[PDB]
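> enclosed are the sequence and the experimentally obtained structure.
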Amino acid sequence: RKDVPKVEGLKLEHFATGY
Amino acid sequence: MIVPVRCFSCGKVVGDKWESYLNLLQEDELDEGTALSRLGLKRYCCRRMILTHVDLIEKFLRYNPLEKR
Amino acid sequence: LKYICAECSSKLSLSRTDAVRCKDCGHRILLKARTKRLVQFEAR
Amino acid sequence: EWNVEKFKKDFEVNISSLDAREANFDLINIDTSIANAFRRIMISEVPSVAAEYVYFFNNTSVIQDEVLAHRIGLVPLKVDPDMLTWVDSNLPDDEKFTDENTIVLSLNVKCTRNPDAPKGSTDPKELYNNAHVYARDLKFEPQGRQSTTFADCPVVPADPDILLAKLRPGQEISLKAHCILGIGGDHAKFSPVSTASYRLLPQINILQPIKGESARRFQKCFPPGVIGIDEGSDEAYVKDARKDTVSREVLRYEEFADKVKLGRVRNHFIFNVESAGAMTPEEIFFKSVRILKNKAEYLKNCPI
Amino acid sequence: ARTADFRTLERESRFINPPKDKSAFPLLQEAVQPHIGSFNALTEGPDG
Amino acid sequence: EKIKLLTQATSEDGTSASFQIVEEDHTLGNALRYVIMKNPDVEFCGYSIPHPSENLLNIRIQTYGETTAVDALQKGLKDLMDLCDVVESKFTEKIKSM
Ligand SMILES: [Zn+2]
Ligand SMILES: [Zn+2]
């Protein structure tokens, strides 16, 4: 069985408020 | 049916971004995350409002009782 | 003109004691048109 | 002992940023009892102007009248809330609305087919005329003294690009909307902030030295500008706590399970405020402070 | 690779202009294929 | 009408009263209770909302003596006003500084 396809190009989306 | 004026959770006005989202998806070859970020939607509560909108109003509008078909 | 044919969508005035049908085509269904009237609402 | 002077000695404010829509700042050496009071007043008690009473004259569009009135109530209006007074609800409908508390917006738009549209055109803006209704179409109809008082600043939506409705040929919308002062604790349309909240300043207490490659991975467990490697000794130190979003990814490794404790500064609030558009965020905060003070003064002067 | 996609542009284009050859969802018709085919078998098919 | 003294709970000497405030919630209740608990003379202070669907706030103040619950309430309200004034002034100072 092939593992579930890992999505690519995953970057940071959450930043502390005001930044 | 038609894009909501505001995000349900926080209240940020997201009703003026649906057409821009479609433009950035079609003209620019942007993925959905990039387009949502470039619209200014950081919170996932605001992102979902545009990422998951269906826009059934267009399909409703094809049934026009006031114009000959 | 207070009625709309349900198929050809042409505005038509239906007098009383008159045949209920579109004049242009032979359709027996008519839709009452919405005329200008004050209708209050709450933006809530 | 606690005193107003002892609070005034230690309380301080650190404005991190300030725009016309979003203001990020800090409240230090204050209690959650007062920070939460400010946040709640900002969300619910600070007044703004939104559409309340809609008088439809025709709506042959697919969107129904109540939905359209709700959307028109949601769109924020660039009105200074001080420029109009409060509606006296007990007065009769005739004399309830006046030129000093009500703002009249109108929306008249008919869709006609474009007879010059190219064959094979799928764009509604090219096929039809006025196939889209926007908030910018909400004209402002001044009446009475506001024809002079609002001459300096006409009333327009803060977001004119809000897509109110869509039309098809033959269909039309004709309505008037009355805009009055209200607060967000009544209806969420009067709330003047996209969101106002705070968060305690995170604390990252490093307990044991993290010298070596462990510093590289320990620093890898936080947002980019939170942990740094000291130039002199290869040691990890806390550069900026405000940059940390508390995600406890460091706790997920047993390597650092006894090298760091994550806590908070229970008096160091980082207020993040966004404005819907009618008022600046700094003025929103100032109004909330004033509201708390005025309500306390009203209680003080109320006979018991 | 992405496990699933919203197909936003495709969906909105199809909403704007319904297909002129066939529906884009063949599986939605095989669901009612039993009833349609049963009613069809009583006028057409072999043996009259 | 805004502020009411609940006579069934007040003390004869006035050192333990209970107040019902209309159109108030945690926003004022918690701030006022925190500020009143700064008076070194008050023994017990708390706030309760009888029902969330009603906009009624209850404040209890019990003093050790030498004051009353009404006087403690007045002191807490004035201290809250001064706290708001200092917050406003410091915020404006930092705004002008920038
Ligand atoms: Zn949101
Ligand atoms: Zn007809």
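Structure received. Residues are numbered from 1 along each chain as shown, chains lettered A, B, ... in the order given. Ligands and ions are numbered 1, 2, ... in the order given.
> residues of chain B that sit close to chain A?
When proximity is defined by CB under 8 Å from any CB of the partner chain, chain B lies next to chain A at B:31, B:33, B:37, B:42, B:44. Just so you know, the C-beta spots here come from the backbone N, C-alpha and C atoms, and that holds for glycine as well.
> and the second one, that one's in a helix?
Yes. Applying DSSP: H, G, I helix; E, B strand; the rest coil, one finds residue B:33 inside a helix.
> excluding chain neighbours, what is closest to it?
residue A:13 (7.2 Å; CB to CB, 6 or more residues apart in numbering or on different chains).
> confirm that that neighbour sits in a strand.
No. Applying three-state DSSP, one finds residue A:13 to be coil, outside a strand.
> surely it touches residue B:37?
Yes. The pair residue A:13 / residue B:37 is scored as a contact, 7.5 Å apart, by CB atoms under 8 Å.
> out of the two, which sits in the more crowded spot?
Between residue A:13 and residue B:37, counting by other CB atoms under 10 Å in any protein chain shown, residue B:37 is the more crowded of the two (15 against 12).
> quick one: contacts for the more buried one?
Counting by CB atoms under 8 Å, 6 or more residues apart in numbering or on different chains, residue B:37 touches residue A:13.
> got the phi/psi numbers for it?
Backbone geometry at residue B:37, expressed as degrees, to the nearest 10, gives phi -60, psi -40.
> quick check: it vs residue A:14, distance?
12 Å (CB to CB, to the nearest Å).
> apart from its chain neighbours, what residue comes closest to residue 17?
In the absence of a named chain, this looks at chain A. With CB to CB, 6+ apart, the residue lying closest to residue A:17 is residue D:272, at 3.5 Å.
> right idea, wrong chain: chain E
Spatially, and ignoring its direct neighbours in sequence, residue E:17 is nearest to residue D:122 (5.7 Å; CB to CB, 6+ apart).
> kindly report the same for residue E:29.
residue E:23 (6.9 Å).
> just checking, the one you found touches residue E:14?
No. Between residue E:23 and residue E:14 there is no contact under CB under 8 Å: 9.8 Å.
> who has more neighbours, those two?
The neighbour comparison of residue E:23 against residue E:14 (other CB under 10 Å) goes to residue E:14, with 16 against 10.
> can you give me phi and psi for that one?
In terms of degrees, to the nearest 10, the main-chain angles of residue E:14 are phi -70, psi -30.
> check contacts around the residue nearest to residue B:33.
Residue A:13 touches B:33, B:37, B:42, B:44, counting by CB under 8 Å, 6+ apart.
> now, of these, which are buried?
Neighbour counting over the contacts of residue A:13 (16 or more other CB atoms under 10 Å in any protein chain shown) leaves no buried ones.
> part of a strand, is the residue nearest to residue A:17?
Yes. Counting by three-state DSSP, residue D:272 is found in a strand.
> is it fair to say residue C:41 lies in a strand?
Yes. Counting by three-state DSSP, residue C:41 is located in a strand.
> can you count the residues close to the residue of chain E found nearest ligand 1?
Closest contact between chain E and ligand 1, by CB to the ion, is at residue E:6 (18.4 Å). Residues contacting residue E:6 under the criterion other CB under 10 Å number 14.
> the one 5 residues further on now?
A count of neighbours around residue E:11, defined by other CB under 10 Å, yields 15.
> any idea which element it lies in?
Using DSSP states H and E, residue E:11 sits within helix E:8-16.
> is that helix up against chain D anywhere?
Yes. Helix E:8-16 reaches chain D (CB under 8 Å from any CB) through E:13, E:16.
> and stretch C:1-8, how far apart are its ends?
One end of stretch C:1-8 to the other measures 15 Å (CA to CA, to the nearest Å).
> quickly check: it near ligand 2 or not.
Yes. Contact of stretch C:1-8 with ligand 2 (CB under 5 Å from the ion) involves C:5, C:8.
> return the set of buried residues in that stretch.
C:3, C:4, C:5.
> ok, now stretch D:25-38?
Neighbour-count burial for stretch D:25-38 flags D:25, D:26, D:27, D:28, D:30, D:31, D:33, D:34, D:35, D:36, D:37, D:38 (criterion: 16+ other CB under 10 Å).
> now stretch F:11-27
So for stretch F:11-27, counting by 16+ other CB under 10 Å, buried means F:15, F:16, F:17, F:18, F:19, F:20, F:21, F:24, F:25, F:27.
> distance to residue D:284 and secondary structure for those - can I get that in JSON lines?
Listed next are the buried residues of stretch F:11-27 as JSON lines, based on distance: CB to CB, whole Å; DSSP: H, G, I helix; E, B strand; the rest coil:
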{"residue": "F:15", "distance to residue D:284": "41", "secondary structure": "coil"}
{"residue": "F:16", "distance to residue D:284": "40", "secondary structure": "strand"}
{"residue": "F:17", "distance to residue D:284": "36", "secondary structure": "strand"}
{"residue": "F:18", "distance to residue D:284": "35", "secondary structure": "strand"}
{"residue": "F:19", "distance to residue D:284": "30", "secondary structure": "strand"}
{"residue": "F:20", "distance to residue D:284": "31", "secondary structure": "strand"}
{"residue": "F:21", "distance to residue D:284": "25", "secondary structure": "strand"}
{"residue": "F:24", "distance to residue D:284": "21", "secondary structure": "coil"}
{"residue": "F:25", "distance to residue D:284": "19", "secondary structure": "coil"}
{"residue": "F:27", "distance to residue D:284": "15", "secondary structure": "helix"}
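> what's the closest of the residues you listed to residue E:38?
Nearest to residue E:38 among the buried residues of stretch F:11-27: residue F:25, at 64.4 Å, using CB to CB.
> domain map for chain D?
D:1-47+D:189-304, D:48-188 (CATH domains of a matching chain).
> need the ones you listed in a markdown table with distance to residue C:27, can you?
Compiled in a markdown table, the domains of chain D are given as follows (distance: least, CB to CB, whole Å):
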| stretch | distance to residue C:27 |
| --- | --- |
| domain D:1-47+D:189-304 | 44 |
| domain D:48-188 | 18 |
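> closest one to ligand 2 among those?
Between ligand 2 and those, the shortest gap by CB to the ion is with domain D:48-188, which sits at 14.7 Å.
> end to end, how far does the closest one reach?
11 Å.
> distance between that domain and the chain's centre?
In terms of CA atoms, centre = their mean, to the nearest Å, the centre of domain D:48-188 is found 21 Å from the chain centre.
> with stretch B:62-69 instead?
For stretch B:62-69, the distance to the chain centre is 25 Å (CA atoms, centre = their mean).
> in that stretch, what's buried?
Here stretch B:62-69 shows B:64, B:66 as buried, counting by 16+ other CB under 10 Å.
> ok, the residue of chain E found nearest chain C - contacts?
Nearest to chain C, among the residues of chain E, is residue E:18, at 19.2 Å (CB to the nearest CB). Each residue near residue E:18 by CB under 8 Å, 6+ apart is listed here: residue B:62.
> residue 15 - how many residues pack around it?
I went with chain A, as the question did not name one. For residue A:15, using other CB under 10 Å, the count is 12.
> not what I meant, chain C
6.
> how close does it sit to chain F?
As judged by CB to the nearest CB, to the nearest Å, residue C:15 and chain F stand 57 Å apart.
> that residue in helix, strand or coil?
Put simply, residue C:15 is coil when judged by three-state DSSP.
> how about residue D:178?
For residue D:178, the assignment made with three-state DSSP gives strand.
> can you tell me who the closest residue to it other than its chain neighbours pairs with across the strands?
Leaving aside its sequence neighbours, residue D:178 sits nearest to residue D:53 (CB to CB, 6+ apart; 4.0 Å). Note on residue D:53: beta-bridge partners residue C:42, residue D:178, judged by DSSP bridges.
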